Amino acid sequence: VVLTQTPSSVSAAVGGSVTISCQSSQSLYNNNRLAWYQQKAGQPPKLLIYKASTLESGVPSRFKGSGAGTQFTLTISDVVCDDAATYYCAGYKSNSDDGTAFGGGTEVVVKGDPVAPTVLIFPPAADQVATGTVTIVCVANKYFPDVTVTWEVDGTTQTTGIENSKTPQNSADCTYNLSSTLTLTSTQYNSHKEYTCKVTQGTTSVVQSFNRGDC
């Protein structure tokens, strides 16, 4: 059996509504063996709905299961920030090859009220240069919606050596956090002086900078 989950990605405002649709290649056992799951980073999936519409104990009425046979839907009403997650359908036909299947997944992004990022730059510890490679960290806190990042060294933009990583949405206030690193050889680091990190959120920007050996 194959489950076709749609959409792959959806945005919703707080107090709004999300609708996810599963579609199976064959009828499911008893026309009702579809279950819905919530997953957050670092954890296994939580079971929300089973037998197409039965709520697991402890799950709010805000989650509704419906459908029958080949077509199934999860509707989340009165969307809170804790609902920001990845959701999965799981279906069953029979005790046989490919009998159980998982849908591809849907990412629920919850539009919380916007916040601009504060930016920190972290110069390399003294330890780093001695190891030959040096990496410089730049973090962006409590923000929504998403940002891009630009690295300058002596006012000239950087193309390579860069790596970004973003936190999941906060379950209380819907904000991201982001860390971005710039990696260089020690001979590249000990040549240039002015090192910059420029975060941008559409219109607003936040540059943060430091001079080598202002220490």
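Heads up: residue numbers just count along the shown sequence, starting at 1.
J.: Quick check on the record: does 150-158 or 32-40 carry the larger mean Cα temperature factor?
T.: If you average the C-alpha B-factors of 32-40 and of 150-158, the larger mean comes out for 150-158.
J.: Quick one: higher average CA temperature factor, 60-68 or 186-194?
T.: Comparing averages over the C-alpha atoms only gives 186-194.
J.: So among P123, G91, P114, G105, who wins on Cα B-factor in the entry?
T.: Of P123, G91, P114, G105, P114 has the highest C-alpha B-factor.
J.: Classify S77 as lowest, middle or highest third according to the C-alpha B-factor given in the PDB entry, relative to its own chain.
T.: According to the entry, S77 has a C-alpha B-factor in the chain's middle third.
J.: Using the B-factors in the PDB entry, rank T133's C-alpha atom against the chain and give the third, lowest, middle or highest.
T.: For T133, whose C-alpha B-factor we compare with every modelled residue in the chain, the answer is the highest third.
J.: When the deposited Cα B-factors of this chain's modelled residues are ordered and cut into thirds, is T6 in the lowest, the middle or the highest one?
T.: Middle third.
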